[PDB]
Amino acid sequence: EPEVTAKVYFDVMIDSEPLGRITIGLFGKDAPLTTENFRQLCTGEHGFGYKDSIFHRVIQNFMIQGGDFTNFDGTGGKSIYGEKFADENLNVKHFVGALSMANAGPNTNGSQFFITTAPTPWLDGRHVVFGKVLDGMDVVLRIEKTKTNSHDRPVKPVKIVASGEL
């Protein structure tokens, strides 16, 4: 597994009820452009960011998705390098607790990411794994069970009330 260079966090809440904090580690050396994008969206430096956004797609035994802070349905989001950016590294493989980039085909990374809650090998080579949950994995296994409707969207919104850096 890659070396962790930086640490970010998400304080999560499901409809007024605080769940806790997800501390994430970032593989800065194996995917510098990608982790930088992530880091700066966590702080909010450029005006926009993951703060107040939600996890619009949660699927038990698979993953939880988020990062659409411009449409909240999974059709939006934007990187700090404009609209989209090429995939830096596709050599790192997925594992439970990994941070990976969600996309729309090759070289279409934006701001949407997912955290895996089970083995997703069939995804290797197509999504840039750029980090791992260092702590707050139980907070992730909590969200995973929340009630969703068709389209796998959370009935009660799962919100990132605060995101930052350590």
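Heads up: residue numbers just count along the shown sequence, starting at 1.
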Entry-level comparison of average CA B-factors, 66-74 and 117-125, reporting the higher stretch: 66-74
When the Cα temperature factors in the entry are averaged, is it 138-146 or 13-21 that ends up higher? 13-21
Between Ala104, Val133, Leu26, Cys42, which carries the biggest CA temperature factor in the record? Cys42
Using the B-factors in the PDB entry, rank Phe38's C-alpha atom against the chain and give the third, lowest, middle or highest. lowest
Third assignment of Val96 from its chain's C-alpha B-factors: lowest
